[PDB]
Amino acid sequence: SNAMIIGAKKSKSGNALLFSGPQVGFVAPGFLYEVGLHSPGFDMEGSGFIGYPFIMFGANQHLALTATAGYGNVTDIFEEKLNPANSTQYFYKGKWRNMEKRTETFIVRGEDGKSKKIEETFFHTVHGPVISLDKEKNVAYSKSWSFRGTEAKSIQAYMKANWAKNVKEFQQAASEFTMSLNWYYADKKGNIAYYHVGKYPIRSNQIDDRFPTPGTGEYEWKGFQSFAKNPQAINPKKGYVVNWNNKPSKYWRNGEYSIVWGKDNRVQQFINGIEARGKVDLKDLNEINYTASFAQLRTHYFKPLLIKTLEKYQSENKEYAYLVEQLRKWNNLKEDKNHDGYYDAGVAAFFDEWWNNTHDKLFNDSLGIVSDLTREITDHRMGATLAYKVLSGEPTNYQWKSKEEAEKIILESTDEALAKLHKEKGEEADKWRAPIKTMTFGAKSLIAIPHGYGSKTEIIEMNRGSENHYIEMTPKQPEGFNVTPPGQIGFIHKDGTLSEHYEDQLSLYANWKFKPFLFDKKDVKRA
């Protein structure tokens, strides 16, 4: 999920701006529910995740808001020491304790269409549910959420954010939210604010928080930090905040999940776009979203490194000279501006092959044995920090490759990508253009349970929010534009007829068009 808030001083119009982009996948019916709420003293338009009695992406009369997943450290695993003589006992605070055993009965629709009962047994300890049990090593793993039992207080916090009329009230609501999100605020007086909300445990200083905590009683949480210690800022001096699930602040840690907060981080696309402009407007924010949605994210750090290496050798290799020219000219995107079904820059197909080759040469030998767990780290969708450090010769804890080896990888990866393209496509970059990848709004969301029938309409894949709002907080009211694909209404009639509003926002979404953000009733009545 991405977000931006622009303060007065960075805004072309002098009005604070807000951009929303929650990434909750692409499903039909959609993951979002758009609504307008109007009662005396409360006027709000926007969307929330389906089922929520509150708006998350939009604006009330006083403020605009959005959120992105925090990736803060609110789940800990405890390593329970089991009794060798009884694997349902674990050692805790000086004595063997009995696990709580539970059996649940599931009514199941059989393949014959009739009911069938299945029972399953699970265990809990003082720390939480047991998620993994290994009797032969006398260990079990249990799970603790810092927010256990406070989910309804988090709902109330979000409703209070909806009812808030100023930053004091919004911050009060933020302080009550117990799960890990980033919240963003913009008001009609030019102010912006950012909060990394959540209830964060005070952990033992004797443990490494990237690994499970011993469950024997010496290393329990010692309470929760005060909200004032949560990362937050009102009107940061640079005049904006951008986020794409990246780190809130320099010394904020997240334990086992640090793999998302490295030197190479996809939020760079948003930083670059804001830093390259002087004052910005909503049209600029949309251009930045477009860039981020189509960028080959490895370009930011890896394209300069590739170009530098090829330039070193280009006087003896005209293929390297050609690639340098083509890489420098390329705008780093995999886009299809002429709607021909092929990505426009042929060198992007080269760069993709080069990257795949390079990642494999860096890590196949050393990490093949753990690839099922490490490929998602070293080729992570948010960045490839370790690969960058190894290839650039920056400090690492382990010497994965020498400097000579790193250079050789960059070159061999180039040669192999060239050879493949020459054999399968041709000599010139225009011949290398790859067919676009497409996506559909399917039946099954991140909750991993089908919730409808989906859609088969194919659209170009985009690394983009499931909805977007672009909001300018003018002195009189919020204004702007948005899209909430696939459409408002998930109803399909028993005869197969889709609602007229089932997928009537898909073309807008695919074609970078929007509908007006409606706030004044006179406008709503004409919409």
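The numbering used is simple: start at 1 and walk along the sequence shown.
On mean Cα temperature factor in this entry, is 42-50 or 495-503 the higher one? If you average the C-alpha B-factors of 42-50 and of 495-503, the larger mean comes out for 495-503.
Can you tell me which stretch has the higher mean Cα B-factor, 91-99 or 410-418? According to the PDB entry, the answer is 91-99.
Highest Cα temperature factor in the entry, among the options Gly223, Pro248, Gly190, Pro236: which one is it? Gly223 has the highest C-alpha B-factor of those listed.
Top Cα B factor in the deposited entry, candidates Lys153, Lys303, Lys168, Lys137: By C-alpha B-factor in the record, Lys137 ranks first.
Chain thirds of CA B-factor: placement of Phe147: Middle third by C-alpha B-factor.
Rank-wise, by C-alpha B-factor, drop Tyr313 into the lowest, middle or highest third of its chain. CA B-factor rank for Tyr313: highest third.
Sorting by Cα B-factor within the chain, modelled residues only, which third would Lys337 end up in: lowest, middle or highest? For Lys337, the deposited C-alpha B-factor lands in the highest third.
For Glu458, return the chain-relative third of its C-alpha B-factor as stated in the PDB record: lowest, middle or highest. As the PDB entry reports it, the C-alpha B-factor of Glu458 lands in the highest third of its chain.
In terms of the chain's CA B-factor thirds, is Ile207 lowest, middle or highest? As the PDB entry reports it, the C-alpha B-factor of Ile207 lands in the highest third of its chain.
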